[PDB]
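This report refers to the structure that appears directly beneath it.
Residue numbers (the authors' numbering), protein chains in the order written: chain A, 6 to 52, 58 to 283; chain B, 17 to 52, 58 to 283; chain B', 17 to 52, 58 to 283; chain A', 6 to 52, 58 to 283; chain B'', 17 to 52, 58 to 283. A prime marks a further copy of an entry chain.
Set out below in structure tokens:
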């Protein structure tokens with residue numbers, strides 16, 4: 006248990022400073038690989059009010075054999091059999107995702123029962139810690155998926171960042187009531203507190219549409235970025251893919267951020283609500 | 017009814033579909049009206070059931086409206102293997118269910134919670150299924166219902182002998198059946214999942230949660246490849262604890278039914 | 017319990033009162049705490070029951086708090102004829118009643134409606150009484166409860182075989198007992214009136230409404246002339262359909278208890 | 006830490022099957038000792059809307075030297091300096107009590123910082139577990155203190171008993187959401203669950219007025235009883251004290267329960283609200 | 017004001033009390049009206070302050086009503102060591118506090134939260150205290166106020182440079198002082214606890230929570246033994262991290278003030 010957790014943590018650290026990109030087909034995977042993505046996340050190829063489920067394993071197998079970077083897939087919240095199936099397929103990581111249709115409205119997957127590490131979403135520290143408590147090895151913000159608007163991600167990033175530095179301030183007495191307020195396990199609160207940060211890798215996700223969005227999230231202390239619609243719905247996916255990677259790798263160098271933002275084309279249109 | 021354990025019952029609108037079901041390894045078919058959008062949904066014409074029954078040798082089931090004891094008398098004459106008093110048809114009596122004790126044909130009824138289940142059994146049902154959310158291809162309500170019932174059963178099973186009375190008053194359920202439920206540690210009749218099952222993964226999930234089998238309809242015949250979908254769901258139900266086999270019957274399935282999220 | 021039909025049970029606080037009761041023709045006495058105003062009302066000291074029991078040869082009853090199965094175990098050891106799990110004492114368990122099936126001593130319980138009655142019988146009561154409104158000398162709630170139960174019983178008794186299920190769910194009562202109640206055309210245990218009875222006229226009224234007997238307490242020992250009041254109530258209950266006798270035992274009774282109207 | 010917790014647990018086990026009694030003076034202590042009490046709990050001697063604080067240490071010292079049974083005292087919730095003072099006085103146990111006036115409306119004492127074991131109150135399983143999480147070594151129901159009415163204790167005893175046997179039923183998946191519902195630490199929930207009971211000694215308290223009240227609480231699975239007003243406000247404190255002890259030591263023997271209830275006198279008058 | 021660190025200021029109504037305070041080791045006394058129940062509470066008569074000041078050599082403080090800048094001008098003439106613009110007197114201006122920058126005498130003001138504290142400092146206060154709940158002998162509100170301020174300070178101290186602006190708008194407090202507060206990691210003036218302190222244990226508790234000292238009034242002079250209570254509170258404040266000494270000065274104290282819980 007102890008060791009199997011450390012093993013998954015060792016593996017996820019490899020992702021720090023990386024960009025994972027959402028792909029619908031091989032051409033998209035290749036673009037992503039070409040751009041410097043440390044991984045791709047495979048999505049249903051949709052040409058509707060549909061139930062969104064985990065993708066057909068065969069479509070994952072087809073894309074994975076045409077690239078050599080990491081390969082991730084999504085399962086429905088609480089759908090432990092979709093996870094069992096993808097575990098058997100030897101995928102690199104699973105995302106128990108709120109963007110797919112919930113399979114169980116009360117329980118998340120017990121992620122301790124898998125060898126494959128999981129990523130999960132959060133908008134705040136209690137939620138993050140409850141996902142880690144259930145066994146997630148990595149966390150991301152939920153942001154606002156598919157809108158091309160960065161505002162919710164930013165809020166989620168600032169909310170967890172505060173609660174974390176505050177928790178770090180509280181006296182040994184006050185920490186209990188805060189645990190009860192976050193409805194989070196005191197063990198992981200104390201650990202967040204001796205580490206001075208989130209105890210697992212923590213990426214931004216949802217709404218990233220420009221190099222400037224990506225670096226902002228990094229300047230706020232994130233370990234990396236998921237991007238989807240911002241790339242493949244831009245005017246020039248390939249150039250946008252590469253500039254976002256560069257930005258993530260250089261998020262403190264305004265001169266490179268300028269450079270990679272020149273003549274980028276139109277960013278995804280987006281949706282303000 | 018005990019025969020049915022480990023099986024898949026499939027909803028069919030015609031003989032082609034019925035044969036696909038039989039070929040898949042379905043242990044029974046449930047015959048439905050064949051519709052080409059409100060509109061009253063009633064018992065099928067007995068003729069149609071008779072046409073299908075004669076072209077297969079698996080079990081045959083039909084639906085009657087809630088409270089409609091005359092639709093049931095008519096189908097009883099027809100010598101069908103089982104009737105489903107079904108909320109998916111238009112209710113006929115908003116207060117009373119059929120008194121199922123007056124039929125020789127076993128009935129199946131739906132539930133979302135233990136008390137409802139037990140009221141249906143009290144009325145004479147020989148089998149129970151969840152209601153899930155029919156025709157949506159979304160598994161979430163089925164899971165809710167399965168878990169709601171499993172919990173209430175296990176909780177019940179722990180309660181001290183004096184506490185059962187007040188619980189029985191909260192379930193609004195008969196104490197005989199409550200005590201039997203707590204002595205069997207499960208539900209006292211065969212108990213299947215139904216409504217929303219659209220993939221092999223969905224079907225195995227219900228089985229991993231303790232169900233005795235599954236009803237599937239739209240998820241097969243609105244998928245890309247009904248024959249391959251139907252066969253994979255059967256394997257899944259038979260092999261629900263074998264993830265290697267659940268992988269294999271999901272490879273290259275085509276698109277599952279589109280569904281509707283509300 | 018069938019012995020008790022046509023009788024009067026009287027509440028006594030000491031031997032003097034107990035003898036007045038016996039002399040009147042009471043078929044039993046119910047022993048109460050002797051209080052000289059909130060304050061918790063518990064089981065009587067067994068010693069006191071023992072002192073009174075030895076000075077009479079009629080039946081002897083005591084009260085326990087609702088849910089207090091240990092007060093009941095203690096009195097069970099004492100070999101009393103009947104216990105009353107009584108709302109007039111301070112409840113001990115706000116959710117659960119005593120499981121009365123674990124005692125050899127019969128229990129009596131209160132009710133205001135058929136479903137409550139039947140829940141108490143399910144829990145093991147051997148006798149039922151109305152709750153009326155104890156200690157007020159006002160008959161109105163008792164009459165309400167008697168009529169509420171009589172109606173629900175007669176209504177039940179008419180219902181078609183399929184309608185009983187939904188009714189049983191509304192009474193929140195066991196269907197076995199409901200069906201038995203409809204087959205006896207009355208309540209399946211001895212059933213007395215209690216709370217508020219202050220005159221011979223009041224006692225006969227409950228009997229004319231179908232009750233098997235009566236419990237009286239304050240109405241006797243807070244009247245002007247307890248011995249004459251007690252004896253007249255006994256005659257009344259024995260002669261409830263004879264208005265000439267009901268006149269005669271009401272002449273010159275003195276003042277009935279004062280009461281309280283709310 | 007691990008060992009200091011085991012040490013306090015070892016000590017509290019000594020109390021199983023015992024009756025602790027609340028005393029205001031030496032005469033009361035002596036009565037309690039004579040009756041078979043394994044301990045007394047010392048209270049302010051009040052001859058008013060007063061702030062109720064921990065008692066003067068001197069009054070504890072005076073009573074303790076006239077008996078040889080265990081001696082307990084009360085502190086105000088969140089008042090860690092009252093506890094520091096009584097720790098230095100070498101008292102046997104402290105009760106962080108809701109019957110005294112709260113000193114801190116958000117935080118309880120961090121009880122891990124003391125050698126003296128603590129008892130705390132609860133009305134339900136989350137609350138119990140949060141008190142253990144903070145360091146309590148023993149728990150009691152809150153009941154309804156001073157009313158002579160057993161009804162609230164019973165409710166509190168039944169509430170924790172259920173949640174405990176249910177928790178014991180849930181699948182390894184469902185346990186997380188229940189943890190979040192009880193706002194309790196998953197660690198102690200899992201432990202309650204492998205022990206099949208409350209992980210610390212658990213006594214009934216508040217409203218016990220007859221031998222019959224005491225045994226009822228034991229028949230419902232409690233490890234023992236606190237009694238106060240029921241004894242010293244009865245007609246015959248000494249006889250009531252001894253009968254309650256006997257009942258607790260014999261809570262399953264109806265014949266002894268009868269025997270010790272004969273000619274007891276009047277029980278405390280009480281208050282129904 | 018920095019002189020005052022580690023001290024106890026005590027409220028006195030006359031010379032006897034003032035001497036008890038001085039004898040105890042109080043670093044100052046706060047002079048109060050001597051009252052033998059609504060009624061308007063105003064500045065003390067300067068004569069009375071003058072009588073007491075002359076019989077002691079510790080520091081001397083008096084109260085003025087909130088907003089009453091003329092009471093303050095009068096006491097300023099009198100050459101007192103400190104004024105307390107105090108919510109315990111009847112407010113004189115419901116919207117504005119005294120502009121304390123126009124006096125040479127330092128002021129102390131109350132607060133329950135960081136923003137209030139900082140508004141008072143902006144208005145010119147040289148010292149701050151909590152409000153607690155005066156005259157009740159209940160420590161709970163003081164603890165609340167101490168913790169509310171400590172948290173907001175430590176939180177503030179963590180905030181990134183851009184986040185401070187919106188926080189300053191929520192505290193409704195000046196950004197200069199906010200930035201100073203975050204650079205000192207504490208409050209930029211001397212900061213005492215006040216209201217409700219009734220035992221040595223209470224006084225040490227505030228000190229263990231980071232306060233620079235304490236104000237006590239009713240807790241001494243309404244205890245059984247004011248001289249012994251006063252001396253023990255002084256030792257406690259001087260030795261707040263020494264539990265062995267906190268035990269010793271609490272032995273045999275007599276009764277603390279009765280208090281009022283609301």
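Here a beta-carbon is modelled for each residue, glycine too, at the ideal position from N, C-alpha and C.
Identification of residues in the region 167-187 of chain A' having a C-beta nearer than 7 Å to some C-beta of chain B yields 175, 176, 179, given in sequence order.
DSSP places residue 81 of chain B inside the beta strand (DSSP E), whose first and last residues are 80-86.
Contact between residue 244 of chain B'' and residue 277 of chain B'' holds: CB atoms are separated by about 5 Å, below the 8 Å threshold. Within the region 223-277 of chain B, the complete alpha helix (DSSP H) segments of 4 residues or longer fall at 239-242, 247-259, 264-269, listed in chain order.
Spanning the alpha carbons of residue 203 of chain A and residue 139 of chain A' requires a straight line of approximately 22 Å.
Taking each of A':13, A':98, A':186, A':76 in turn and checking the Cα distance to residue 268 of chain B'', the smallest one comes out for A':98. Taking C-alpha positions only, residue 166 of chain B is separated from residue 93 of chain A by approximately 21 Å. Counting along the chain, the unbroken alpha helix (DSSP H) around residue 36 of chain A' starts and ends at 31-40. For residue 143 of chain A', the enclosing alpha helix (DSSP H) covers residues 135-144. The Cβ atoms of residue 21 of chain A and residue 211 of chain A lie closer than 9 Å to each other.
For residue 144 of chain B, the neighbours in chain B' by C-beta distance under 7 Å run, in chain order, 186.
In the DSSP assignment, residue 169 of chain A' falls within the alpha helix (DSSP H) that extends over 161-177. Residues of the same chain with a CB within less than 7 Å of the CB of residue 79 of chain B, apart from the 5 flanking positions on each side, are 38, 42, 43, 44, 45 in chain order.
Within the region 263-276 of chain B'', those residues whose Cβ lies closer than 7 Å to any Cβ of chain A' are, in chain order, 264, 265, 267, 268, 271, 272, 273, 274. In the DSSP secondary-structure assignment, residue 104 of chain B'' is bridged to B'':83, B'':128. Going by beta carbons, residue 259 of chain B and residue 67 of chain A fall outside the 9 Å limit. Measuring C-alpha to C-alpha distances from residue 27 of chain A' to each of A':218, A':8, A':12, A':48 identifies A':48 as the nearest. Remark: three or more beta-carbon pairs, one from each stretch, lie closer than 8 Å, so the region 138-155 of chain A' and the region 184-195 of chain A' are flagged as touching. Burial check for residue 264 of chain B': the Cβ neighbour count within 10 Å stays below 16, so the residue is exposed. Listed along chain A', the residues sitting closer than 8 Å to residue 195 of chain A by beta-carbon distance are 189, 195, 196, 197. For residue 44 of chain A', the enclosing beta strand (DSSP E) begins and ends at 44-47.
Taken atom to atom, the span from the alpha-carbon of residue 32 of chain B' to that of residue 76 of chain B' is near 10 Å.
Using a CB distance cut-off of 9 Å, residue 14 of chain A' does not count as an interface residue toward chain B'.
Along the region 219-237 of chain A, none of the residues has a CB nearer than 8 Å to a CB of chain B. From the listed residues A:184, A:109, A:181, A:90, the smallest Cα separation to residue 183 of chain A' is found for A:90. By the Cβ-count criterion, residue 178 of chain B' is exposed, with fewer than 16 other Cβ atoms from all chains shown falling within 10 Å of its own Cβ. B':208 is the residue among B':261, B':208, B':241 whose C-alpha sits nearest the C-alpha of residue 148 of chain B'.
If you draw a straight line from the Cα of residue 160 of chain A' to the Cα of residue 132 of chain A', it comes to about 15 Å. For residue 187 of chain A, the enclosing alpha helix (DSSP H) starts and ends at 185-192.
By the beta-carbon neighbour count (other beta carbons within 10 angstroms, threshold 16), residue 118 of chain B' is buried. Residue 18 of chain B' and residue 254 of chain B' have their C-alpha atoms some 20 Å from each other.
Chain B' has a Cβ within less than 9 Å of the Cβ of residue 118 of chain B. Contact annotation: in the region 118-141 of chain B', residues whose CB is within less than 9 Å of a CB in chain B are 118, 119, 120, 122, 123, 136, 140. Secondary structure of residue 207 of chain A (DSSP, three-state): coil. Straight-line spacing of the CA atoms in residue 52 of chain B'' and residue 63 of chain B' works out to 50 Å.
Here residue 186 of chain B'' is exposed. Its C-beta has fewer than 16 other C-beta atoms within 10 Å.
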